[PDB]
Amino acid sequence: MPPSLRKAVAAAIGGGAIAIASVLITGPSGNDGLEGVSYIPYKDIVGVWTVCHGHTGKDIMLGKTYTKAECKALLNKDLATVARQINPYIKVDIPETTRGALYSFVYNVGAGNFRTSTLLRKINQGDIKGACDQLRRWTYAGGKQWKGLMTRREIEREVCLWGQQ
């Protein structure tokens, strides 16, 4: 991963999985992460309304220009939600890096997908290294493989396996 991002994830470690994920999504500067940011609402490719760091919901004011602080508040809430949605399903102790990287993964890919993934089953069997490797299989959308996903998956993989080496 870029060295600034690496250092960023390093300092977030004391802050636990949530903070780790927040670095992955927003990046060191808070605007150069694996997710885009947008201060004004827009419809995505599936026609869902979205703003800030990829935030969707029934609470988007279409006429509003959002601040950096609003965007960060909303991410916090959404990450807490991801945690709520997936942590029940992780039946084993994993390191904070691994947890944070799965948050970032699930943020992108959705809770359903994760619940039925092979990645989870390898987590629940204690195969951490094997779970982190499953990430590379998640680069396909519209029967095309995406350079942007393959990169994201590589970076989430590094962090997922951060403790090992």
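Numbering starts at 1 and runs along the sequence shown.
Of the two stretches examined, 42-50 and 63-71, the record assigns the greater average C-alpha temperature factor to 42-50. Once the C-alpha B-factors are averaged per stretch, 136-144 and 33-41 rank with 136-144 first. For the set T98, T56, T26, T116, the PDB entry puts the maximum C-alpha B factor at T116. Remark: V106 belongs to the lowest third of its chain, ranked by C-alpha B-factor as recorded. In this PDB entry, the Cα temperature factor of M150 sits in the top third of its chain's modelled residues, the highest group.
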